[PDB]
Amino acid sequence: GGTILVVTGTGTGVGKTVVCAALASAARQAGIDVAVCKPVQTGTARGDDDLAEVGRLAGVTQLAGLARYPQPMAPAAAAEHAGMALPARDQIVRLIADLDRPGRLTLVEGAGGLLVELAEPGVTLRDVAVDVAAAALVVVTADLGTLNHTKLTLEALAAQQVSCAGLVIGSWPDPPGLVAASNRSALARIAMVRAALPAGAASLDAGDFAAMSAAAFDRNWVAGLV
């Protein structure tokens, strides 16, 4: 076995996907082999595709997925809209265990938040993390309300003994503002803030994104993940 992290967020559009790519890119430049798994992808009608973002931004090639639904809804609703079911629990857990190998960092990106339905029936990214014995990296905002949502996600993780590998602020504004600066300090009091990615990093070309990513995390911590 290697290291499996689920990358979850406190909500939708907090930057989980940019974080997966950024940590992927930071680990790759540390000589770590990276694989990213997005079991369920929604919003394909408008072109959503988080694995292709990670491939473009970070250059991961081991990019694995099981289902893609057209509508920009939560997985369960997008599936009912399409008239089809979510994939089964065993599919996603086994896909991830099969990605896992010594010396490799495997990131599992969910859909929205920790407790959204990912597989039939009612199984979540938390259930999946329990099954593969993964730790969780939690992507937060620096905006108003983040302390509550972070604490809630962290309590839900710990309730099922899913270790917290730290926080990442998905989007750090420029200029910060009084709320973001206050929240960042307050976030660090409840868990390790591993990085804060600058707002707009997802528009960067691959070379600029690698530079940002290498600077954004601590070199020792990334190397220490595997």
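All residue numbers refer to positions in the sequence shown, first residue = 1. Rigid core (definition): largest C-alpha set, two forms, superposition within 1.5 Å.
Here 131 to 139 and 113 to 121 are scored by the root mean square distance of their C-alpha atoms in 9 other deposited structures of this protein, with each structure fitted by the rigid core; the higher score goes to 113 to 121. Averaged over structures and residues, the CA distance from the shown form in 9 other deposited structures of this protein after a core fit is larger for 172 to 180, of the two stretches 34 to 42 and 172 to 180.
Set 150 to 158 against 78 to 86 and average the Cα temperature factors; 78 to 86 ends up higher.
Higher mean CA temperature factor between 210 to 218 and 19 to 27: 210 to 218, per the PDB entry. Highest CA B-factor among the listed residues (115, 119, 140, 134): 119. Note on the listed residues 200, 170, 43, 175: the highest Cα temperature factor in the record is that of 175. Residue 185: CA B factor lies in the highest third for its chain, per the PDB record. In the PDB entry, a CA B factor belonging to the middle third of its chain's modelled residues is recorded for residue 191. In this PDB entry, residue 145 carries a Cα temperature factor that places it within the lowest third of its chain's modelled residues. The PDB entry assigns residue 179 a C-alpha temperature factor belonging to the highest third of its chain's modelled residues. When the modelled residues of the chain are ordered by C-alpha B-factor, residue 125 sits in the middle third.
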